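**Student:** Take this structure first; my questions come after.
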Amino acid sequence: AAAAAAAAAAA
Amino acid sequence: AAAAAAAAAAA
Amino acid sequence: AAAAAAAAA
Amino acid sequence: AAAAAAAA
Amino acid sequence: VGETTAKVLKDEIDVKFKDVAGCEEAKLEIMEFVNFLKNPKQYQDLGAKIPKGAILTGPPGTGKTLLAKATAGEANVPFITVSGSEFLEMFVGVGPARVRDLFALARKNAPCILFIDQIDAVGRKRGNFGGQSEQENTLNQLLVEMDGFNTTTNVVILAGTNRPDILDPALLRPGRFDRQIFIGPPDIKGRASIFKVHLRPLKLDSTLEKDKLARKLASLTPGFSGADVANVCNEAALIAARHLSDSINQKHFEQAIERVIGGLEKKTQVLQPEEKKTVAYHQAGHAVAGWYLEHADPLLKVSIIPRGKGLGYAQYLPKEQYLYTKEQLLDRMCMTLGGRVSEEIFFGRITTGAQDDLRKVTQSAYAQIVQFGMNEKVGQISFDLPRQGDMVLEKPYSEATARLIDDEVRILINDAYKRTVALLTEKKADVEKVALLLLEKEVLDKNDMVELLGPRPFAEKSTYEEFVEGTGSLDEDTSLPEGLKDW
Amino acid sequence: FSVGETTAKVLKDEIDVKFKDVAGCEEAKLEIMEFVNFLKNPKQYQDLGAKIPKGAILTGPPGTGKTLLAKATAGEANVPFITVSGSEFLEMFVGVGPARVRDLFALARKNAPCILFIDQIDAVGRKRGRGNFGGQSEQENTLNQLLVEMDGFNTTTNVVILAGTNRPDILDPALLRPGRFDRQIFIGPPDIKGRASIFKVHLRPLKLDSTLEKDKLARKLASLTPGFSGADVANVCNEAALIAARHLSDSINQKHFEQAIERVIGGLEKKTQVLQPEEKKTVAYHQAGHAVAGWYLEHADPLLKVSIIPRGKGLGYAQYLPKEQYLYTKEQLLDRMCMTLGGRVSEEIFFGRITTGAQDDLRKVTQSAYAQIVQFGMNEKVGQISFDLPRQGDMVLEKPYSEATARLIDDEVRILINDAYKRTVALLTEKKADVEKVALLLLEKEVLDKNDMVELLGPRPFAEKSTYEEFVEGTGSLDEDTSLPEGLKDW
Amino acid sequence: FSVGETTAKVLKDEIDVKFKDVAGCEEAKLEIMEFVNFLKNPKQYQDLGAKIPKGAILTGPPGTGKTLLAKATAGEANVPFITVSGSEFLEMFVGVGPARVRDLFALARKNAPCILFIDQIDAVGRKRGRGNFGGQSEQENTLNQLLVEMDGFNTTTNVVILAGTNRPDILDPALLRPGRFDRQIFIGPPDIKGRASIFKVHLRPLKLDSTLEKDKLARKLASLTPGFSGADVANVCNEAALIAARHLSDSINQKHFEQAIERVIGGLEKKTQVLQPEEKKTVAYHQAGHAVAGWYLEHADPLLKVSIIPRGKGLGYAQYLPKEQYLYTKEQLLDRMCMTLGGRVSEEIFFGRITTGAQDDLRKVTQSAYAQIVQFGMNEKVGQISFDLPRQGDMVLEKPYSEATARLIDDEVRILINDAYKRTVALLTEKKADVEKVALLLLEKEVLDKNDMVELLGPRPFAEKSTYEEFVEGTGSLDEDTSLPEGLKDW
Amino acid sequence: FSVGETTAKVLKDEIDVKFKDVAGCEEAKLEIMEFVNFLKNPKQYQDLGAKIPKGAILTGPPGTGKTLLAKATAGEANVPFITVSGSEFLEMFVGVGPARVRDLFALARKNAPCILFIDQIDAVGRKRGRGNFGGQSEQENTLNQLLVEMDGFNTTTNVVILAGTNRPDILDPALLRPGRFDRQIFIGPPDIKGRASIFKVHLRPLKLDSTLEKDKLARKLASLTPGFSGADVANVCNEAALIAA
Ligand SMILES: Nc1ncnc2c1ncn2[C@@H]1O[C@H](COP(=O)(O)OP(=O)(O)NP(=O)(O)O)[C@@H](O)[C@H]1O
Ligand SMILES: Nc1ncnc2c1ncn2[C@@H]1O[C@H](COP(=O)(O)OP(=O)(O)NP(=O)(O)O)[C@@H](O)[C@H]1O
Ligand SMILES: Nc1ncnc2c1ncn2[C@@H]1O[C@H](COP(=O)(O)OP(=O)(O)NP(=O)(O)O)[C@@H](O)[C@H]1O
Ligand SMILES: Nc1ncnc2c1ncn2[C@@H]1O[C@H](COP(=O)(O)OP(=O)(O)O)[C@@H](O)[C@H]1O
Ligand SMILES: [Mg+2]
Ligand SMILES: [Mg+2]
Ligand SMILES: [Mg+2]
Ligand SMILES: [Zn+2]
Ligand SMILES: [Zn+2]
Ligand SMILES: [Zn+2]
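Protein chains in written order, with the entry's author numbering: chain G, 1 to 11; chain H, 1 to 11; chain I, 1 to 9; chain J, 1 to 8; chain B, 291 to 417, 420 to 779; chain C, 289 to 779; chain D, 289 to 779; chain E, 289 to 533.
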């Protein structure tokens with residue numbers, strides 16, 4: 001299984 | 001939902 | 001199946 | 001099959 | 291961002307405690323939550339720490355949001371609501387900052403109910421990646437200010453979700469979400485009280501009483517939740533004005549029940565006069581077999597008008613119970629096989645109909661042999677049987693056991709089969725009567741079965757007043773305790 | 289940041305699709321018109337206390353007009369209408385998703401009596417799992433936002449939420465409850481009376497002959513197209529015009545529609561035949577075995593066009609007219625096996641040499657002998673037991689019974705096919721002259737009409753039904769009745 | 289924000305590929321010339337009411353002219369042409385699949401009569417499954433966004449959406465429906481009439497000899513290259529110029545073509561990799577078994593050249609001319625097995641010792657024995673049952689049948705090969721002296737042509753067809769007619 | 289983001305590897321000097337009407353000198369040489385594989401007459417199948433992006449797509465068709481005529497005894513090293529340089 005990251009942006 | 005007990009199709 | 005056939009090699 | 005041989 | 295997206299609502303909502311009506315033992319415990327805000331004295335007389343709130347749990351469609359609406363209207367305290375998903379934002383640092391602004395809004399309206407619908411969007415199992425660390429710090433922000441209500445005297449926080457298992461056990465400690473008010477699907481006492489709420493805004497027929505009918509509609513609708521009841525009372529009004537009828541009668545409610553669980557009653561379907569004769573002889577075999585077995589469910593409605601994924605159907609009244617004996621499972625197999633048997637006696641030919649009948653005969657008999665102890669030869673064993681649709685990985689037993697299992701399931705089905713063939717051959721003329729009446733009317737009710745077959749030879753249970761004699765109260769009761777003298 | 293927009297267009301273009309364009313699904317379009325009937329005439333319903341129904345799901349196989357039925361509502365209801373796709377909510381951040389459903393409905397509250405349509409709702413409607421893969425959590429936050437906004441606090445009225453999908457079984461039961469989606473409408477593939485009215489919609493912009501009235505042709509064309517859908521009829525109307533104008537003709541003949549059917553069912557008819565006369569002769573005797581066995585077996589499908597011109601991935605084809613049935617018996621399924629095996633039998637009688645050209649005939653006979661025994665209950669020895677078969681695209685991961693049962697099953701497929709095989713061999717060995725007559729005529733004309741079979745073999749000795757009026761004898765109505773109820777007579 | 293644009297290319301280079309550069313498949317050209325003929329002559333098609341078809345899929349084996357037939361479409365059409373691949377849509381994040389499909393149709397419908405091409409659509413058009421791992425989550429959000437853009441509310445006219453693929457069967461039925469992909473076009477490998485016109489496309493830039501004519505040579509090279517694809521003919525024409533330029537020749541000889549057909553089939557030809565004198569004696573007896581058994585069997589392939597020089601993964605090399613035929617019988621497959629087993633038989637009659645050199649000769653015999661029994665219906669004990677036999681790159685999970693059937697299969701393979709073995713041992717003992725004649729010349733002259741095996745063994749005692757005009761003359765056309773219809777007479 | 293780039297270093301410096309340094313592959317150096325003979329003298333081939341082959345594949349056991357024969361192909365034509373491994377594409381995320389194929393060929397065209405060498409292509413060139421395993425569908429995405437960038441639209445000229453492998457049987461038929469990999473070249477293990485020449489490439493930097501002739505000693509060490517690969521012979525001449533040190 002390959003990951004699909006959900007990027008929380010920083011400041 | 002509840003009990004239906006149908007006669008399904010086969011085509 | 002609407003139509004049978006004769007397949008290839 | 002267009003090729004026959006003796007493999008290594 | 292930082293915006294809390296909560297709404298301090300003081301609006302005169304038309305939801306009262308008279309609109310819940312059936313979750314009564316779950317009703318008093320939120321009346322105790324209003325008692326915490328209005329009376330901090332009689333719960334501190336015994337040195338009891340006043341709990342912070344409960345989590346409303348249960349299946350979808352039950353009342354875990356409506357009972358929070360009724361708290362906002364009945365209690366004169368102000369009300370603030372969010373959902374759990376309104377907290378996670380793009381920027382890292384907003385999620386653990388909105389929960390400040392939600393719980394600071396609850397101080398400026400200090401005695402208040404505060405409801406978080408679908409809390410499983412925040413309360414989850416912690417973990420990792422920065423996207424998972426965001427809801428970790430958000431849930432930690434919920435737990436810190438939950439415990440930080442020692443300075444204030446009165447802030448109560450309700451919560452509602454339909455998945456209590458995914459919640460973090462850090463929420464469930466003392467000083468936190470202590471109680472778990474399980475709001476579950478009602479029995480027929482509480483369900484008739486749900487119909488009385490939604491028979492109320494309807495312009496019914498003049499020959500119908502709104503309490504003799506709410507008991508009749510609860511009798512015809514087993515297993516429904518509080519949403520399926522409010523739908524039948526709405527669909528039967530939409531069916532009524534479809535024909536420009538003057539008032540809603542009993543025939544409109546019997547179709548709205550028939551609409552929800554059946555499908556789409558469509559007349560434009562073409563069927564040859566041989567393929568209706570096969571379906572009519574099929575589902576008379578389900579009707580007579582359930583009529584003559586003791587532990588079969590009572591017949592409710594049989595029709596051959598097509599409903600979506602079916603050529604016909606037989607609506608039953610499932611006996612809502614908790615335990616199944618070995619022969620209460622046998623009479624359901626002997627009834628489900630009954631349609632295929634009737635096609636064999638009348639015709640001699642076997643159709644691809646009763647394919648979904650033969651699935652239920654298989655997935656009952658596999659569960660009956662494997663994961664109960666219903667077979668002496670296999671023994672008193674129980675296996676985690678993999679469900680259909682999911683992949684089967686590797687069997688937890690031997691090949692010689694699977695040879696023993698699959699040879700006994702074949703004995704179990706033929707014992708259910710020979711009993712039905714013996715049933716529907718002695719009763720052959722009665723299946724002929726039920727089917728030809730479907731061949732001209734196309735819908736049969738239980739009243740049409742009693743007029744054709746006589747009464748059912750078994751001590752059945754169909755009326756609401758004979759469903760209720762097991763306790764002796766004869767009606768569903770709504771009363772207050774002695775410590776709840778303000779509601 | 290400004291990624292909080294719903295990317296949903298308030299549809300201001302006047303869509304020219306009325307409800308007269310949506311045929312076939314007659315009882316499904318009635319329950320969409322009651323959304324329009326309520327918002328246009330609330331007095332019929334509010335006098336009986338009927339609240340507005342909250343939404344609807346439009347399910348069914350793909351290509352059935354569950355988007356077209358939403359296109360009819362935009363062009364007929366005089367309320368604002370917005371559209372959005374179910375896979376537009378998720379983007380590459382955490383707040384997006386839930387912060388996009390919240391502005392889907394805040395837009396849908398500025399338009400107060402509006403109707404919104406979510407197409408392919410199974411992109412954010414997936415059932416919520418346990419503590420699992422990290423990409424699954426953002427789908428559950430977008431779903432949990434959608435569930436609160438459809439039924440909860442600050443849930444306004446007068447917002448009808450139409451929705452469409454073709455996998456309703458993966459949907460969350462929290463979406464399927466009433467109060468979110470009060471109705472679940474299944475738009476299935478229509479019957480022959482439904483297809484005959486879908487032809488009447490799409491024969492309407494064509495240009496037929498001085499003959500060929502557009503009403504009587506639609507009855508003929510639904511006969512020749514069993515099992516099609518709402519969009520398969522749309523190509524047969526369209527691609528018959530592209531054949532009519534490829535030959536530079538003035539008006540579309542009947543012979544141009546039949547070449548639009550056989551292109552979609554079969555494939556590319558190849559002009560340059562390449563076969564040697566010793567291997568065109570084998571295909572000719574093979575296709576005559578499909579012809580004669582289908583001609584002399586009851587419950588076999590009617591024959592249209594036997595052709596040894598190569599088409600698609602085959603060296604010939606047969607072009608049957610499949611009987612649009614819902615209940616196959618045991619003897620009807622045998623005479624498809626005794627017909628699909630009929631080509632190899634005719635090779636084996638004439639030549640004595642089995643070929644590899646009957647590979648696709650044998651895979652059909654294999655799969656219609658396992659589904660009778662495992663999936664159905666047609667076998668006495670295995671029992672009245674039904675299972676689920678793995679499909680061709682599905683991968684066989686573990687067989688859900690014992691190997692002593694699978695030994696019993698495979699011994700019974702082999703008896704079932706050999707019983708179907710010996711019947712065909714004992715059918716084409718006394719009709720050996722009739723297979724000889726068909727395939728010799730295949731070696732000059734290279735196609736056959738059904739009338740060519742009548743001139744050669746005679747009338748078919750079984751109760752054959754071919755036209756529209758003899759398919760719709762039973763219902764006695766002869767046409768799809770688009771009659772409206774009394775509360776729906778504003779159209 | 290940053291990630292999300294479609295990374296498409298509205299191509300501005302004038303592609304020099306015309307429809308005359310695509311040959312072998314006129315039945316696939318003509319259904320793609322109808323898209324360009326619409327965009328040049330709309331009045332012809334709109335006098336019959338024909339809408340434009342909304343797209344087409346190009347299916348087939350690798351190397352048949354599917355991207356080339358999309359290059360030719362960008363050639364003649366006077367409209368812009370936009371190109372993406374299938375794998376360009378998913379990148380590392382959630383939502384950036386569907387967010388990149390929408391930006392594809394933003395750039396698409398911005399140009400009004402555009403044509404769009406999605407090469408290798410298997411990366412996105414993969415069939416939507418049920419509840420599984422999270423890698424299938426964001427793929428199905430990209431597929432559902434595509435299906436909304438193909439046929440939905442945001443669907444404008446005159447936008448042609450072409451796509452090509454190798455794997456049609458894994459695609460979604462919602463994607464292959466009418467309305468999404470109206471035309472389904474299978475471009476198979478070319479036939480012999482098809483191949484001679486592919487040579488005429490690629491013999492066109494070559495500087496041939498003054499004796500050779502490009503029409504007669506294209507027929508000869510199609511007869512010498514059986515079973516090749518369309519991109520093989522482009523390689524034979526290329527490498528015959530590279531062989532001609534190693535020898536510093538002024539013009540390409542026919543002999544330079546026969547060294548290119550051998551180089552593509554055979555591999556690199558190691559002249560310096562010498563063998564021991566007791567190894568060359570073994571390899572020559574092995575290759576003479578392939579020569580003599582292929583010489584005296586009827587349905588075996590006609591032989592071109594036998595060598596004992598190491599070529600690729602191999603010590604010897606044989607060069608055959610496979611018969612282009614589409615219907616193998618039971619005898620025509622035994623004679624191909626009795627020819628392949630002839631190498632072990634000859635070094636066992638002469639030596640007694642058997643070597644490991646017949647490994648690849650036994651992998652062909654094994655795979656041609658499962659295929660007769662499992663996949664075709666060539667067996668009595670197993671019956672006329674067909675199963676999907678797994679390939680070499682298919683890691684088999686579990687058999688589609690029982691174990692007592694797999695016991696039944698592997699018994700019948702042993703009966704099959706040991707009847708092919710005994711038939712060849714009875715062959716190369718009756719012809720034992722002729723095998724010794726062939727291999728003693730192989731030790732002297734390391735290759736043998738067909739002519740010096742006629743000098744040894746006489747003429748081969750079977751009718752063998754060798755020229756183009758002999759391979760074709762049964763049909764009666766002798767060429768591939770590029771006869772466009774009446775309404776396509778702009779090309 | 290830093291995940292997504294092709295991480296393929298460009299050896300645009302003049303490589304000191306020539307065909308003088310590759311031995312034992314005399315019949316296979318002739319097929320690969322044609323790529324260099326095209327780039328030096330295009331007029332010789334274009335009079336007959338020839339084209340360059342788009343790329344060649346190098347099959348054989350490991351250590352037989354595939355990268356050495358690929359660096360010699362760049363060091364003759366003075367072209368840039370781009371190295372990439374077949375295992376450098378399979379990042380754990382989704383769609384990063386096709387995102388690095390598109391960056392590889394973008395780098396293969398910014399340096400336009402270059403020669404691209406994809407090492408161990410059987411990691412992302414495995415044959416595409418059905419729903420085998422979770423994570424197998426990411427290799428099929430990376431393979432389909434490799435198919436487009438070689439023979440399709442956006443196809444350049446003057447690139448030589450070289451690729452070494454060990455197992456050509458597991459490769460996709462769509463890679464091995466002519467148009468992607470026009471030449472299939474098998475580099476086997478060297479025989480004793482082969483690797484005696486391989487010793488003479490590596491014995492010439494060493495200082496030997498006054499009694500040992502390099503024509504004699506390379507014939508004898510090839511007898512004392514049966515079945516070694518080409519890389520092993522290069523260590524035998526290097527390990528004994530350490531032992532004498
Ligand atoms: N006990 C009840 N009596 C009457 N109507 C009810 C009752 N419970 C639910 N309803 C109806 O259901 C609607 C919404 O119920 P609701 O509490 O939102 O269900 P739910 O359990 O919250 N499902 P969910 O949204 O997943 O939490 C109300 O507006 C009523 O119309
Ligand atoms: N009942 C119908 N009557 C007339 N045309 C129809 C009908 N159903 C479908 N069509 C045609 O089919 C196309 C739209 O099909 P539609 O019913 O919208 O399929 P769909 O299932 O919604 N699309 P999808 O969600 O991707 O499966 C248009 O070209 C319509 O003309
Ligand atoms: N019918 C044909 N006529 C002429 N040349 C052809 C033909 N078919 C293929 N070719 C040649 O083959 C090359 C590759 O064709 P191309 O269509 O790109 O591969 P393909 O058939 O599409 N298979 P693929 O793209 O890998 O799925 C073209 O550049 C032509 O040189
Ligand atoms: N034929 C040869 N002649 C000289 N040196 C060689 C030969 N083959 C291999 N080598 C040596 O082995 C190394 C080649 O790398 P190698 O392991 O063959 O790459 P790959 O594993 O990709 O085939 C070089 O350092 C080179 O010195
Ligand atoms: Mg709720
Ligand atoms: Mg649609
Ligand atoms: Mg391509
Ligand atoms: Zn039934
Ligand atoms: Zn056939
Ligand atoms: Zn051999």
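Just so it is clear, CB atoms sit at the ideal spot from N, CA and C, and this is done for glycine as well.
#1: Using a C-beta to C-beta distance shorter than 8 Å, which residues of chain D count as neighbours of residue 11 (chain G)?
#2: Roughly how far, in whole angstroms, is the beta-carbon of residue 404 (chain B) from the beta-carbon of residue 449 (chain B), given that I think they are within contact range, below 8 Å?
#3: Measure the C-alpha to C-alpha separation of residue 487 (chain B) and residue 509 (chain B) and round it to an integer number of angstroms.
#4: Quick check on residue 442 (chain B): buried or exposed, where buried means 16 or more other Cβ atoms within 10 Å of its Cβ?
#5: Grouping DSSP H, G and I as helix and E and B as strand, with all else coil, what is residue 503 (chain D)?
#6: DSSP puts residue 613 (chain C) in a beta bridge; with which residues?
#7: Three-state secondary structure (DSSP) at residue 343 (chain C)?
#8: What does residue 449 (chain C) pair with, by DSSP beta-bridge criteria?
#9: With DSSP as the reference, label residue 607 (chain D) as helix, strand or coil.
#10: Give the single residue among D:496, D:689, D:765 and D:731 whose Cα lies nearest to the Cα of residue 544 (chain D).
#11: Between residue 335 (chain D) and chain C, is there a C-beta pair that is closer than 8 Å?
#12: Name, going along the chain, the residues of the segment 679-701 of chain D whose beta-carbon falls closer than 9 Å to a beta-carbon of chain E.
#13: Using DSSP's beta-bridge definition, name the partner residues of residue 750 (chain B).
#14: Say yes only if the C-beta of residue 623 (chain D) is nearer than 7 Å to one or more non-hydrogen atoms of ligand 10, and no if none qualify.
**Tutor:** A quick look at the data gives this:
#1: As a first step, residue 11 (chain G) must be located in the first sequence, where it is residue number 11. The premise fails here: residue 11 (chain G) is roughly 15 Å from chain D at the closest Cβ pair, so nothing lies under 8 Å.
#2: As a position in the fifth sequence, residue 404 (chain B) is number 114, starting the count at 1. As a position in the fifth sequence, residue 449 (chain B) is number 157, starting the count at 1. Their Cβ separation, rounded to whole angstroms, is 5 Å, which keeps residue 404 (chain B) and residue 449 (chain B) in contact under 8 Å.
#3: Counted from its first residue, the fifth sequence places residue 487 (chain B) at position 195. Counted from its first residue, the fifth sequence places residue 509 (chain B) at position 217. If you take the alpha carbons of residue 487 (chain B) and residue 509 (chain B), they lie about 7 Å apart.
#4: Residue numbering aside, residue 442 (chain B) sits at position 150 when the fifth sequence is read from its first letter. By the 10 Å Cβ count, residue 442 (chain B) comes out exposed.
#5: On the seventh sequence, position 215 is the one that residue 503 (chain D) refers to. Of the three classes helix, strand and coil, the one that applies to residue 503 (chain D) here is helix, per DSSP.
#6: For the purposes of this step, residue 613 (chain C) is taken as residue 325 along the sixth sequence, with counting starting at 1. Beta-bridge pairing links residue 613 (chain C) to no other residue.
#7: In the sixth sequence, residue 343 (chain C) corresponds to position 55, counting from 1. Looking at residue 343 (chain C) - three-state DSSP - the assignment turns out to be strand.
#8: Taking the first residue of the sixth sequence as 1, we reach residue 449 (chain C) at position 161. Its beta-bridge partners are C:343 and C:404.
#9: Taking the first residue of the seventh sequence as position 1, residue 607 (chain D) is located at position 319. Looking at residue 607 (chain D) - three-state DSSP - the assignment turns out to be strand.
#10: Within the seventh sequence, numbered from 1, the residue matching residue 544 (chain D) stands at position 256. Measuring from the Cα of residue 544 (chain D), the nearest candidate turns out to be D:496.
#11: Locating residue 335 (chain D) in the seventh sequence gives position 47, where the first residue counts as 1. By this cut-off, residue 335 (chain D) is an interface position.
#12: 679, 680, 681, 682, 683 and 685
#13: Along the fifth sequence, one-based indexing puts residue 750 (chain B) at 458. Per DSSP, none; premise fails for residue 750 (chain B).
#14: Position 335 of the seventh sequence holds residue 623 (chain D). Residue 623 (chain D) Cβ: outside cutoff for every heavy atom of ligand 10.
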